[PDB]
Structure formats: structure tokens, C-alpha cells
2 protein chains.
Amino acid sequence: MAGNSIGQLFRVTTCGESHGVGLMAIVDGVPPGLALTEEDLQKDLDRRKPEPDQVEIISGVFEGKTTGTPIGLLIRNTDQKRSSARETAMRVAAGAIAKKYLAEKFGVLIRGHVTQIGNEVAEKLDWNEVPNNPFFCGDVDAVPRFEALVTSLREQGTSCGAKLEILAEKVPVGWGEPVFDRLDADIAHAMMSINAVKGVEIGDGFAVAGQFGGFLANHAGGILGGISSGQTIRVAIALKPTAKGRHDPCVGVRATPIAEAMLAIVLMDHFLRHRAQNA
Amino acid sequence: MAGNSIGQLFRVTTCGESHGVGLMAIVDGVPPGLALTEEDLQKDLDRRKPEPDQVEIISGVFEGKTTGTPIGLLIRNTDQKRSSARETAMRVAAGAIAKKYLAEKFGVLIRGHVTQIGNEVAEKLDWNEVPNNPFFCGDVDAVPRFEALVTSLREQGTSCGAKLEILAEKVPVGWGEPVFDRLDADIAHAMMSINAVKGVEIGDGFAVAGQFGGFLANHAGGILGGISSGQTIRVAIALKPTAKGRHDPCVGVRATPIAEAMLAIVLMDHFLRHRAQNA
């Protein structure tokens, strides 16, 4: 069955089987006055693969602007008279709304890149490189090596795991709600909704275990005592390997847009909670 | 300090400052008929230290048994007309309740051990050893090395990180609520309430990124598609270094009881949700 809702103030509630008639979300809490259209949501949906099933805004937008009421989303499944991009669509469409709002309001920029596929690691990050290749890889000299590895596993009936880093930049200080709703805790919660995820870490993450107590190197990954620092938010996740020519070697790279979406959803929620706690 | 509640059906709500008058919790959802007394809670409280302040049960127990009504817990702070074990007390007391219930009902066994302090790692696990030393260490040949490392770092005035593994055994299959309240997701959420945690992983965890695709080797750590497998639940967390003879080189080992508590709280919650969902 389902726990089909996430968030306290920015709340997303969903339903829909991948094989069922369609998929739906109700998104609460988005302030009035955000420019929004179907296109703004499709753009992020269509980033899962880099004419597919089209999202429709059913409510909450009048004359191209959010009204402040609950926003209803629908995808009608054109299953032609079990691909799990349909299981991820409402999350990504809803994250898109949170992204667009956080970008306009604060200039928050949320972006993910694959740092590792199996035994190949990316060693350096160039944000202009991540859309040029189909791995979301920021290291233009690792792309060939990732491609060779994918070519290699495709041949031999196997698949590999991955590790993604997601960053949220320009996030105001103060967001998060200790004891139980720390920003890191809700992040980890949200990331762990993505299917093959086996770990989440913030900042230096598991390395920390072997550390001893570098200037402003953001060891905390932008969260301290469960509340945003002001620094960039760094989150990493590890996705496990996944079970005609099915061209399936590393599905985990295609999780980048949804990990971006989940981080946006959590930040949007905590934005609103922080605001509610300040008037 | 607004997020003072956790759980949907097994719900724990807390309050209290460390130099306020006292600390409180209200714990909802525990069925009637569990044998329970202050002592059962103190035992777990006093495990934070491998004269002192005593938890009191205010409601929800009659003639030594839970009634099924909300259980109120109080600790009056005897400040003596400087320790942070106070902000962790209500979580551990309440986890103790979830623990006892899950042990009597299903024989569930939730235990944690420190696998790593800084540059020292434990190899072997012997549950009998873990209470014999003050590191919750399961390797009797590592205890000396952990003691040496810690003795040094206190005299040097340096702190080190740690890594804990928490296991939940004999957990029934079926528990957890995808999409957004998967068991692993609520585990991670809960573990990250513990201050100093920078990562949570389930099963093989971050190793998974470097893997390629008997089966009963818990690669998944007892959770598959966000729901319990029947296998042992394996969770690891990494705690960062902190910063008269009260210098805390690795305060992270003392997190073992609270990580046990948090895992108990989440399991208890998902037990009840699972029960509610079956008609």
C-alpha cells in the first residue's frame, strides 16, 4: 500500500500505479505569485532521460501565476492500447515547483552530479560539463571511462552501483527543526525514498569516522546542529546495482533529477517553517 | 526548538531545556498489557555511561502494566540549586518502551556496537564483549587499541570520530510505508536526530556504489523496496569529532544507546502502522 504524503507546510500528496490510469499529486503551501506552467514541470520530468507522458496542472494557477491554493497535478498514462520513471514523476514535477520558487526568492541552486559508477570515479567538477554527457558527470575526462564501463557491462549481462552528490547553493542560514526535524534528518529521509539508495551522508559524511578534531572547507556540508549554515549544502547518496537488448547498466545516474527534486521539496518545506517561526 | 515530536502511531512528543526545571515526554500508541516500570527506563538511561537524575512515569501504567493511554514521563533536573545527556534522556526512555514491547511481542533484539574510533577499527563481533568495556566494542582484541587511542587523544586534547553499527534482529517482514515513509527512510531520519551524525547507511551502504550485479547475505541490511525482509536490520552511522577530567575525545561511543533507542522508536511506529493497515 502507501505512505503517500511528505512535508508539514510544503506538502506533497500522491497516488497512481505505473500501470494504472494515471498519476496525481496535490501540492500544498506554495505562496501566490510564482510564475508557473506545465512546461516548467515537463523540463525537469524530461531530464530523467538525457512524445513522453505529459503533466497537466489541474488547479492552483490562475493566469500563469500560483494562486496560493493547492496545486493539483495529473499525468494520464498512455500505456499504449513496467517502467519506473512513472513511479518518480510526481516527485520530480513537485520538486520543480519548489526549485523554481527557491531560485527566484533566494537564488538557491540545486544541482546533482554522478561522482562514481562502479570502479570509475570522477575527480573534478565542471558544472558546464554535466549536461554535455548522459552520466551527469562533471569530469569531462571521466566521461569516456564511464562510457567504456557502461559499454563493458552492457556486453556481459551486468550492472553497477553509483554515487551521486547533490548540492544546494545560496541556502539561507537558519533552516531546520531540531530535535526530530533537523534539516539533515529530513534530507536523509527524503533521499531514502529513491529506490536503490543504501546510504545518505552530509558534508564529509562517512570519512568523518576516521577524522580527528583546512579553512572554510565545509566539513559539515552546510548543516550544523541540524540547521543550515549559510554554506553550500552537500549531500551524497549511494545507489545499489539494479536488475531484446535491454540497455540497463547504470540506472542510478538517472536518479540525479529526483535527488535534486527531493532536496528542493525538503528545503521548500523548511523555508516555510522558518518563516512561520519568525513573524 | 520546534520539532518536538516523532512518529505517526507510536508518537513521542518532548520538551525541556537542559537547565530548565525538567524534561518531559508524552508517548502515544503503546498497547495495553506491557509490564513497565521506572526501572525498565532507568536501565537504558544509565547505559549512556558505561546521583543520577531519575525518570518518573506519570501516566499510562496501572499495577505495573501499560493501560493503552498516553504515557507521561518526567525528569526533574536536580541542577544542584555540566552535561548534555539531558537532551537525549526522553528519547532513550521512550525507546526503552518500544524496545521492551518489541522484545516481548516478537523477540526483536536491537543492539549497537562501535566498529571504529578514529584510525582504530574493530574486526570481530562478540555480543558478550560489548558490555565488558566502555566503548561498546565487540572485539576484545580492539578494546586495548581503542583504550590506547583514547588515552592519547585526551592528553593531546584531540577528538576523533566514530562509526556505530546498530542491528535489529527477528524483525517481521512487511514493515514500512513507501513512497515517503519507507522503513529505511524513517530509520535515517531518526538516526540523524543524534547530534554529530554525518551519514546513515543500510546494509552494505556506501560500498554499494562500487559494486556490480547465498542471496541471504544481507546486502540490503534487512530492507527491500523500503519494507522489512525478515532478515536482520543493519544500520551504520558515522559521528564526527567534537570540540576537571571531563574532556570527551570520542563522545560518539556514548551514542550507541540512543541509536538503539531511535531504531526501536521507528520499528515500534511501523509495527503499529502495519497492524492498522491489515484488515
Side-chain angles (χ1 to χ4, degrees), chain A residues 84 87 114-121 149-150 152-153 156-164 188-189 191-201 205-206 209 236-243 246 248-255 259, chain B residues 108-113 115-116 121-125 138 163-176 178 182-188 190-191 199-238 259 263 266-267 270:
Chain A
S84 298
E87 166 182 11
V114 177
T115 67
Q116 179 185 344
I117 310 248
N119 87 99
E120 303 290 8
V121 302
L149 201 70
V150 145
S152 208
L153 306 191
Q156 57 199 352
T158 54
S159 52
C160 57
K163 179 176 143 110
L164 278 60
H189 179 252
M191 288 308 178
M192 200 76 87
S193 85
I194 308 166
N195 203 328
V197 175
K198 304 307 302 195
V200 194
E201 64 182 3
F206 273 90
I237 66 174
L239 283 79
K240 72 172 197 188
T242 276
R246 157 56 132 221
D248 52 340
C250 195
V251 91
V253 316
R254 294 103 93 161
Chain B
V108 157
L109 218 204
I110 300 155
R111 334 120 133 177
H113 58 120
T115 63
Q116 180 184 347
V121 303
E123 299 123 321
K124 304 174 286 178
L125 174 57
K163 179 178 143 106
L164 280 60
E165 168 172 73
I166 314 89
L167 302 184
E169 298 171 38
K170 305 172 87 92
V171 167
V173 63
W175 297 5
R182 296 178 160 215
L183 181 51
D184 41 346
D186 285 355
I187 303 210
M191 288 307 180
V200 191
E201 65 182 4
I202 270 62
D204 288 359
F206 275 91
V208 117
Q211 289 180 358
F212 296 88
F215 21 108
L216 270 48
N218 247 159
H219 277 195
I223 308 165
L224 272 169
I227 57 148
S228 55
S229 276
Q231 353 198 238
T232 86
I233 280 180
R234 184 187 324 283
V235 182
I237 65 174
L263 182 50
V266 174
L267 290 161
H270 279 280

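Each chain gets a letter, A, B and so on, in the order its sequence line appears, and its residues count up from 1. Scope of the values below: all heavy atoms of this structure, side chains included, with no hydrogens, waters or symmetry mates.
Put simply, CE on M191(B) and CD1 on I166(B) are 4.0 Å apart, with the number rounded to the nearest 0.5 Å. Between atom CD of residue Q116(A) and atom CG of residue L239(A) there is a gap of 11.5 Å, rounded to the nearest 0.5 Å. To the nearest 0.5 Å, atoms CZ (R234(B)) and CD (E165(B)) are separated by 5.0 Å.
Two residues are said to be in side-chain contact when any heavy atoms from C-beta on lie closer than 4.5 Å; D186(B) and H189(A) meet this criterion. In this structure, the side chains of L183(B) and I233(B) come closer than 4.5 Å at one or more pairs of heavy atoms. Side chains of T115(A) and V121(A) form no contact here, defined as non-hydrogen atoms less than 4.5 Å apart. Within the 4.5 Å cutoff, no side-chain heavy atoms of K163(A) are placed close to those of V208(B). Two residues are said to be in side-chain contact when any heavy atoms from C-beta on lie closer than 4.5 Å; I237(A) and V200(A) meet this criterion. Side-chain contact between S152(A) and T158(A) is absent, with no heavy atoms from C-beta onward closer than 4.5 Å. Here the side chains of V173(B) and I227(B) are not in contact, with every heavy-atom distance at 4.5 Å or above.
Closest non-hydrogen pair, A238(B) versus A209(A), comes out as CB-CB, 4.4 Å. In plain terms, the two heavy atoms of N119(A) and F212(B) that are nearest each other are ND2-CZ, 3.8 Å. Closest approach of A190(B) and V266(B) over heavy atoms only: CB-CG2, 3.5 Å. Of all non-hydrogen atoms in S159(A) and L153(A), the two that sit nearest each other are C-CD1, 3.8 Å. Here the shortest heavy-atom pairing between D248(A) and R246(A) reads OD1-O, 2.9 Å. Across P178(B) and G225(B), no two heavy atoms sit closer than the pair CG-O, 3.8 Å.
Sorted by first and then second residue, the side chain to side chain donor-acceptor pair (under 3.5 Å) pairs with a member in residues 217-231 of chain B read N218(B)-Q231(B); sequence neighbours excluded.
In this structure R111(B) satisfies the side chain to side chain donor-acceptor pair (under 3.5 Å) test together with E169(B), sequence neighbours excluded. In terms of the side chain to side chain contact (heavy atoms under 4.5 Å, CB included) criterion, residue partners of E87(A) (sequence neighbours excluded) are, by chain and number, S18(A), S84(A), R91(A), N195(A).
Checked by atom type and distance alone, the side chain of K198(A) never pairs as donor or acceptor with a backbone atom of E201(B) at under 3.5 Å.
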